[PDB]
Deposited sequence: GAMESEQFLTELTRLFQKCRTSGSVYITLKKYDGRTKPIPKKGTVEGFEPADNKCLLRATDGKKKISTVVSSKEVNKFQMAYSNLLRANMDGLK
């Protein structure tokens, strides 16, 4: 489900942890114009992120107003959780 960007990071960590023994963690990033129906005032400073292991889903929207703090935590999250490579 959709959630605030900060809760998304917490749930993303949990997803990585759940899929450590088995499974794939997918993360998708796209520019988001604020639409809520099929195709208003289009947004030009937002993106969306989705994550899933193919069963559980989480999503959030990050704007230019929260990108700094989000990046800081997100980059740290990715580096810390993707530690299985050689």
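Note: segment 40-47 is the sole part of the deposited sequence with no C-alpha coordinates in the structure.
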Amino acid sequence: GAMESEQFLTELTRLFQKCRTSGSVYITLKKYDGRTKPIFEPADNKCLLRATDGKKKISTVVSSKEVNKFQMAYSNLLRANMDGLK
From here on, numbers count along this sequence of modelled residues.
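Look at the C-alpha B-factors of 27-35 and of 40-48. On average they run higher in 40-48. Residue-level inspection of the entry shows that, of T21, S63, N68, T13, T21 has the top Cα B-factor.
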